[PDB]
Amino acid sequence: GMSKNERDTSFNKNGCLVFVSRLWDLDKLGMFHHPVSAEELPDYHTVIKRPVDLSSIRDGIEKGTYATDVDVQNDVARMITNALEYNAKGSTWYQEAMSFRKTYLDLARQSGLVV
Ligand code: NA
Ligand code: NA
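Note that the sequence shown covers residues 0 to 114 in the entry's author numbering.
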């Protein structure tokens, strides 16, 4: 039968890793791959108090710090919203974030997550 971790389907570790891998590959610019560095954008954290990125999300999935698949999706939603709050409509970064907002739930679904 199922392991205790398998049988608790609130969080599905491997499905969540698939999801992050899909986002990683969708990210042509690599803009969401790693945390925003204050050295690169020193006015960013005045705006964004809850930064998050795909590497940090993957780490949390691996370490088992997410309670549910939806919590993983919440961090992706916030990642995207952060970009649309900080950036100026029309910029390369804004355009990529818009594309992510329209696509991420479909990728979560394809990857086997509860949506
Ligand atoms: Na089994
Ligand atoms: Na599980």
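Quick reminder that beta carbons are idealized off the backbone N, C-alpha and C, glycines included.
Chain-order list of residues whose beta-carbon lies under 8 Å from that of residue i (same chain, five-residue window excluded)
i: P50; result: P34, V35, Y43, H44, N81
i: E84; result: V46, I47
Residue i Cβ short of 6 Å to ligand 2 heavy atom set
i: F10; result: yes
i: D7; result: yes
i: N13; result: no
i: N4; result: yes
Environment of residue i [buried if 16+ CB atoms lie within 10 Å]
i: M1; result: exposed
i: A96; result: buried
i: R108; result: exposed
i: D24; result: exposed
Residue i: first and last residue of the uninterrupted alpha helix (DSSP H) it sits in
i: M78; result: 68 to 85
i: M97; result: 91 to 109
i: residue 115; result: Because the chain is modelled from 0 through 114, residue 115 falls outside the range shown and cannot be assessed.
i: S54; result: 53 to 62
Contact test: residue i Cβ vs ligand 1 heavy atom, cutoff 6 Å
i: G63; result: no
i: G111; result: no
Residues near residue i in its chain [Cβ-Cβ closer than 7 Å; skip 5 each side]
i: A87; result: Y93
i: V113; result: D68, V69
Same chain, Cβ closer than 6 Å to residue i, five either side skipped, listed in chain order
i: residue 140; result: The structure shown does not extend to residue 140, since the chain spans only 0 to 114, so no value can be given for it.
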